[PDB]
Amino acid sequence: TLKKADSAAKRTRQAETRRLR
Amino acid sequence: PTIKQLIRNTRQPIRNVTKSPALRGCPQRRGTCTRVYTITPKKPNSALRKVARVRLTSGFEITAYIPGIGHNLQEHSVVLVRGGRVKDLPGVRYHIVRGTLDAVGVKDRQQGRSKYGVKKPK
Amino acid sequence: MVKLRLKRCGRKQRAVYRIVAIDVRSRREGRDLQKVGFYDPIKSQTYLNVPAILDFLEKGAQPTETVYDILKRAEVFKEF
Amino acid sequence: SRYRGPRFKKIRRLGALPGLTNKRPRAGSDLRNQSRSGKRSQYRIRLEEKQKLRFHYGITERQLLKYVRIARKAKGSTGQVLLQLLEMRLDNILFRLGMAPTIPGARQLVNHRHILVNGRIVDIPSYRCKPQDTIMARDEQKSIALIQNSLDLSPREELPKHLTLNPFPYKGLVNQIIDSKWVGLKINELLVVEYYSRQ
Amino acid sequence: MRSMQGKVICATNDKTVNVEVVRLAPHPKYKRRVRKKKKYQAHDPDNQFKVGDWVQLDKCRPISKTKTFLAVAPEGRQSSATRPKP
RNA sequence: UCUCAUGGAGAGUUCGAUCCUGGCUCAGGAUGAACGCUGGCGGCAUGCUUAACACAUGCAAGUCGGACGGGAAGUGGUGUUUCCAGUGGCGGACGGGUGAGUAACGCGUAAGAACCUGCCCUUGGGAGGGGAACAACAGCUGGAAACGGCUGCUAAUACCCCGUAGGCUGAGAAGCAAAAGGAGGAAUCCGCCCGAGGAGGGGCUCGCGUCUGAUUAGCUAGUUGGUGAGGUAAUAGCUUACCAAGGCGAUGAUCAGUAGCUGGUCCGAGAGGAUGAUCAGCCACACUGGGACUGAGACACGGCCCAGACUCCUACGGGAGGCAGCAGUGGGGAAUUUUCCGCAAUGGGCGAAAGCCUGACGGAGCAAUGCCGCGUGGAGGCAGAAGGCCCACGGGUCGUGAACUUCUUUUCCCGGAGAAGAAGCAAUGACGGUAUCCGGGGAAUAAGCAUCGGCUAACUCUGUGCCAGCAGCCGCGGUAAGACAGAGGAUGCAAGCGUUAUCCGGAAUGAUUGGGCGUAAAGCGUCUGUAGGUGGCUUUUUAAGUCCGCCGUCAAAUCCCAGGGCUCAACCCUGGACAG
Ligand SMILES: [Mg+2]
Ligand SMILES: [Mg+2]
Ligand SMILES: [Mg+2]
Ligand SMILES: [Mg+2]
Ligand SMILES: [Mg+2]
Ligand SMILES: [Mg+2]
Ligand SMILES: [Mg+2]
Ligand SMILES: [Mg+2]
Ligand SMILES: [Mg+2]
Ligand SMILES: [Mg+2]
Ligand SMILES: [Mg+2]
Ligand SMILES: [Mg+2]
Ligand SMILES: [Mg+2]
Ligand SMILES: [Mg+2]
Ligand SMILES: [Mg+2]
Ligand SMILES: [Mg+2]
Ligand SMILES: [Mg+2]
Ligand SMILES: [Mg+2]
Ligand SMILES: [Mg+2]
Ligand SMILES: [Mg+2]
Ligand SMILES: [Mg+2]
Ligand SMILES: [Mg+2]
Ligand SMILES: [Mg+2]
Ligand SMILES: [Mg+2]
Ligand SMILES: [Mg+2]
Ligand SMILES: [Mg+2]
Ligand SMILES: [Mg+2]
Ligand SMILES: [Mg+2]
Ligand SMILES: [Mg+2]
Ligand SMILES: [Mg+2]
Ligand SMILES: [Mg+2]
Ligand SMILES: [Mg+2]
Ligand SMILES: [Mg+2]
Ligand SMILES: [Mg+2]
Ligand SMILES: [Mg+2]
Ligand SMILES: [Mg+2]
Ligand SMILES: [Mg+2]
Ligand SMILES: [Mg+2]
Ligand SMILES: [Mg+2]
Ligand SMILES: [Mg+2]
Ligand SMILES: [Mg+2]
Ligand SMILES: [Mg+2]
Ligand SMILES: [Mg+2]
Ligand SMILES: [Mg+2]
Ligand SMILES: [Mg+2]
Ligand SMILES: [Mg+2]
Ligand SMILES: [Mg+2]
Ligand SMILES: [Mg+2]
Ligand SMILES: [Mg+2]
Ligand SMILES: [Mg+2]
Ligand SMILES: [Mg+2]
Ligand SMILES: [Mg+2]
Ligand SMILES: [Mg+2]
Ligand SMILES: [Mg+2]
Ligand SMILES: [Mg+2]
Ligand SMILES: [Mg+2]
Ligand SMILES: [Mg+2]
Ligand SMILES: [Mg+2]
Ligand SMILES: [Mg+2]
Ligand SMILES: [Mg+2]
Ligand SMILES: [Mg+2]
Ligand SMILES: [Mg+2]
Ligand SMILES: [Mg+2]
Ligand SMILES: [Mg+2]
Ligand SMILES: [Mg+2]
Ligand SMILES: [Mg+2]
Ligand SMILES: [Mg+2]
Ligand SMILES: [Mg+2]
Ligand SMILES: [Mg+2]
Ligand SMILES: [Mg+2]
Ligand SMILES: [Mg+2]
Ligand SMILES: [Mg+2]
Ligand SMILES: [Mg+2]
Ligand SMILES: [Mg+2]
Ligand SMILES: [Mg+2]
Ligand SMILES: [Mg+2]
Ligand SMILES: [Mg+2]
Ligand SMILES: [Mg+2]
Ligand SMILES: [Mg+2]
Ligand SMILES: [Mg+2]
Ligand SMILES: [Mg+2]
Ligand SMILES: [Mg+2]
Ligand SMILES: [Mg+2]
């Protein structure tokens, strides 16, 4: 498996976690 | 006249009215002939003039003059019309560009050929 | 930040640059604060007005490589 | 973009045009039909004046027009400045230096890269000549031969005081800017300026 | 810049006044001068000013959805005080 | 007769004639133009104005292994070195496109005070002692796929706690708050936390300027202000409760209609009119509406959520998507280009650097769309011949024109060499073996298009007979048409020439400069009078207009002047300035 969307995805997840903090 | 009166906006221009409303700010428009027929000119010019009615893309219906000598146009033909007025015929404000789309060029015209849409003879 | 760089003027194939103090986020030819140097490869024409250069290097303007080395040749980094 | 048509013909209708033809016109032989247009409308007088100018220098209209704009701009007497500008053309200077038979000749001479202005080849007719300028032939056999034969076999020594010619290498030199009295034709620039009020 | 002098049309409200300022302008086309009159909500703490007053008008931060201007004592004006007659 | 001026043209048409008022029409410029005919080259530009209508395919934002745990390629193995999803770090808020909405502090200008600020400078101090998790991975498992679910497991520049703090709250007393390591053998480097500055980038507030409509006259109740509590990075009806009754409006509020705005562009003798493509600044928008989250910065074009409309995939249970990014397809249309090359230059992003990515950009291709340059030959050529056309048959004219003789080779053809653009270590060029330069042939490869009645430069003849047709306006055409069609001839422009559309001019025809109202269009039927405008003389005051000097600014580009560079010009570059 190989995933390419760094900008979108990674930033979206980060947004969740930081949001909960 | 009185300064105080001009300062109330007493000078207003008359705007420029177009001679060819049907074109709507275009060099030409394309249309389909609804009818092709002859009309008699206002006296004292007697003749039989070749006019078609054209329904345009801009939705209008107009009456366009057809120039030159003789023509092949018949109903449900697709032509190209341009502006300019035939002082003879009441209401006729548009010509039909010859040599384009469905109007062929005038046959056997040797002089001022570009006005009628004719090739140069070899 | 403020950057001292080249903006590209002149014509197709014949290129001539101005050296300008401008915020880094404006476009390459966009608006600027001050015009400073003049540069050109083909005429080998180069020169700068140093008072401005120094007044901007002082307030923390960062140059771009090409420009950096232009100021080097003209000895503006020594005075600094 | 050049007038390749019959020359004598334009000459019959305009007047005397040096930069065109050295052959004096035929007796004119119009004395049979005795056809005239009556006289000339003031407009036609003006028009023929401009045409005089235009064909003497082998300039196109759209060009002449831009000369005239340059003229109205310039600070000075308009007709005079115009005549200056037209008379400073490289081919025309090449002509009035006797380095050419006529202006189409001189023009051809320039086109084919046979001429030098200050040690550099200029092949375009309309190059404007400025004071202190060197007009040379290219050093090749052909260039020299052309210039020599057309210079020597034409006797005219009328050189108009702003133009120097020097003998063996054939260095021509442009000395200064033309004087209104030294101009290359009989023309009232007044008429031409007037014709051009509408552009 | 230069502050705007005017006269008070309304004192009724609290800590405020409504000033009218009259200025002359050279109308863009016709070159004659014209009186244009504009009204302002001026902030006046202490409510010292009454109706009819001639007051100078000053600029400060927003006090409200309207009042940006501080009401200020008449700046310089020709004394309506009688003067000698030599 | 010094100084200034470099600028203002008319013509036809009402009448049997005239003079006038008055319209229509023409001659000139300009296009993001289109169409017709014709088309050799180069230089610099330009290229969906209509449907902000739909979009098949491919590409347009990533980078860091020197934050970190892993596994996968090899190698003989952790000596070498690579890739890789994942957590973290900054960047995806710039750059690119469009002009739908917006008559507004949105834009231009000029002010202000209550703010914010990652990166970049400048500076003052610091970085103790612990602990807990979560992906990855592992195992089990659900799905056609898309994507999931359980249980374990683990590192950190990722989370949490405690100590200390020139800061924050507070009249005070007091109370409260921080950290992160990675490189290197060490020196040292890049970082980290807290203050305090700088510059730049944003947020707000206000004066002024910022379309048409009165056959749109009243509009507004958180509306206009006051207090108390909240809220915002900050001031504020920003919010909310109470109190008060204001605010705006005939100098046009509200409502309706149109429109992105400005440097500018086009036109004008000027005064000013019309417009807002390319180029540059600002605003607004991202399938149609609404939310927030993250973050220095977004209410976020190639992010999230929801609703809706539409397209696709599906093994039917469910998923996927947003070209008004570069190309490209359909469609609308009179009309607007290649599913191109390259990161070499400049500019960006990340990185210690090496470097990687950039449909920004740099270039090519297509198109006479426009502006500028050049060519299609130069010189001589019995005054004799063929032929067209006219002719009172004498001759005229196409016409020195061609044929013909010589010279020249820009352009064309065939060979050679061949750049600058690349920046100080060399190397590194998409353009391109292009621009340019040397040789060899050879007049050799290259002229059309309008008009010829007046305005308007240019005239005759044959064919037609109120017909066929022309025309911008007057008007031409019923047997000899200078107005139709053909011929010959001439005239104008020229690789373009015409026709149509659009705008300004001429138009003094909406008139400030610059008109009129006894009879031509035009004085309310007459007064009284409110707002509004103008208003006698003399002295003084003030200094708002007014005037003069000095300063700040009105971005660069454009226009104007003076030089310089592409062989010239267009175009580019430097310097400077009147206006206002
Ligand atoms: Mg007009
Ligand atoms: Mg160099
Ligand atoms: Mg040309
Ligand atoms: Mg001809
Ligand atoms: Mg050349
Ligand atoms: Mg004019
Ligand atoms: Mg009458
Ligand atoms: Mg009559
Ligand atoms: Mg009149
Ligand atoms: Mg015209
Ligand atoms: Mg063609
Ligand atoms: Mg569009
Ligand atoms: Mg696709
Ligand atoms: Mg790619
Ligand atoms: Mg590595
Ligand atoms: Mg790497
Ligand atoms: Mg690091
Ligand atoms: Mg190792
Ligand atoms: Mg990786
Ligand atoms: Mg953006
Ligand atoms: Mg942008
Ligand atoms: Mg663009
Ligand atoms: Mg403002
Ligand atoms: Mg604003
Ligand atoms: Mg306003
Ligand atoms: Mg940050
Ligand atoms: Mg610690
Ligand atoms: Mg603590
Ligand atoms: Mg190491
Ligand atoms: Mg170490
Ligand atoms: Mg406007
Ligand atoms: Mg309330
Ligand atoms: Mg709109
Ligand atoms: Mg005028
Ligand atoms: Mg566009
Ligand atoms: Mg733009
Ligand atoms: Mg769409
Ligand atoms: Mg936040
Ligand atoms: Mg937005
Ligand atoms: Mg984005
Ligand atoms: Mg997109
Ligand atoms: Mg596209
Ligand atoms: Mg199509
Ligand atoms: Mg179509
Ligand atoms: Mg590519
Ligand atoms: Mg690059
Ligand atoms: Mg770079
Ligand atoms: Mg960097
Ligand atoms: Mg490009
Ligand atoms: Mg071509
Ligand atoms: Mg071209
Ligand atoms: Mg071409
Ligand atoms: Mg064309
Ligand atoms: Mg086109
Ligand atoms: Mg000849
Ligand atoms: Mg040769
Ligand atoms: Mg090098
Ligand atoms: Mg050669
Ligand atoms: Mg005539
Ligand atoms: Mg005709
Ligand atoms: Mg016309
Ligand atoms: Mg008759
Ligand atoms: Mg007969
Ligand atoms: Mg006849
Ligand atoms: Mg006869
Ligand atoms: Mg005829
Ligand atoms: Mg003919
Ligand atoms: Mg006018
Ligand atoms: Mg008047
Ligand atoms: Mg009148
Ligand atoms: Mg009457
Ligand atoms: Mg009357
Ligand atoms: Mg009366
Ligand atoms: Mg009455
Ligand atoms: Mg009265
Ligand atoms: Mg009164
Ligand atoms: Mg008074
Ligand atoms: Mg008085
Ligand atoms: Mg400027
Ligand atoms: Mg100059
Ligand atoms: Mg030059
Ligand atoms: Mg300049
Ligand atoms: Mg000024």
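Residues numbered from 1 in each chain as written, not as in the entry; some residues may be left out. Chains lettered and ligands numbered in written order. Part of a larger assembly, values for the part shown. Heavy atoms only, no water.

All names here are of chain D. Taken N-terminus to C-terminus, the directions of helix α3 (residues 61–73) and helix α4 (residues 78–87) make an angle of 130°; their axes are 9 Å apart at the nearest point. The angle between the axes of α3 and α4 places the two elements in the oblique class. Of the two possible hands of crossing, α3 and α4 adopt the one that is right-handed. Two secondary-structure elements touch here, α3 through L64, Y67, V68, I70, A71 and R72 and α4 through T78, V81, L82, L85 and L86. (Axes fitted to C-alpha atoms, helices over the stretch in contact; angles between N-to-C directions. Helix = DSSP H or I, 4+ residues; strand = E, 2+ residues; numbered from the N terminus. Parallel < 35°, antiparallel > 145°, perpendicular 65-115°, else oblique. Left-handed = near helix turned anticlockwise from the far one by under 90°. Contact = heavy atoms within 4.5 Å.)

It is worth spelling out the interface of chain E and chain B at this point. Each partner contributes residues to the interface: chain E has 4 residues there, and chain B has 5 residues. Summed over both sides, the interface between chain E and chain B buries roughly 430 Å², with carbon and sulfur atoms accounting for 74% of that surface. On inspection of chain E and its partner chain B, the count reaches 0 salt bridges. The interface formed by chain E and chain B includes 0 residue pairs in polar contact. Of the residues assigned to the side of chain E that touches chain B, the class counts are 2 nonpolar, 1 polar and 1 charged. (Buried area = accessible area lost by both parts, 1.4 Å probe. Salt bridge = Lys/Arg side-chain N within 4 Å of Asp/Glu carboxyl O. Polar contact = N/O pair within 3.5 Å; in protein donor to acceptor, adjacent residues only side chain to side chain. Nonpolar A, V, L, I, M, F, W, Y, C, P; charged D, E, K, R; others polar.)

All names here are of chain D. Domains assigned within chain D are domain 1 (1–86 + 184–199) and domain 2 (87–183). Residue-level contacts link 20 residues of domain 1 with 19 residues of domain 2. Where domain 1 abuts domain 2, roughly 1,500 Å² becomes buried across the two surfaces, and 48% of that area is made up of carbon and sulfur atoms. When the area that domain 1 buries against domain 2 is broken down by residue, the three leading residues are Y57, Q84 and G184, summing to 29%. For the pair domain 1 and domain 2, the interface holds 0 salt bridges. Put simply, the parts of the chain that give the side of domain 1 that touches domain 2 at least two residues each are α2 (42–57), α3 and α4. Here the side of domain 1 that touches domain 2 gets 5 residues from one element, more than from any other, and that element is α4. (Domains from an automatic or database assignment.)

Looking now at the protein's contact with RNA strand F. Surrounding RNA strand F, one finds 193 residues, the nearest of these being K9 of chain D together with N13, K15, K38 and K67 of chain E. Considering the 4 Å shell around the protein, atoms of RNA strand F inside it are sugar or phosphate in 77% of instances. Separating a sugar or linking oxygen of RNA strand F from a side-chain N or O atom of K4 of chain B is a distance of 2.9 Å. Broken down by class, the residue content of the surface near RNA strand F amounts to 46 nonpolar, 59 polar and 88 charged. (Near = heavy atom within 4 Å.)

So, on to the sheet that holds strand β3 (residues 163–166) of chain D. All names here are of chain D. Spatial strand order, β1-β2-β4-β3: 4 strands in an open sheet with antiparallel pairing. The sheet is open, and its two edges are formed by β1 (115–117) and β3, each paired on a single side. Strand-to-strand twist in this sheet, taken as the mean axis angle between neighbours without regard to direction, amounts to 20°. Where β3 and strand β4 (residues 171–174) come together, 4 bridges link them in antiparallel fashion. When the bridges of β4 are listed, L165 appears paired with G172. (Pairing = 2+ DSSP bridges.)

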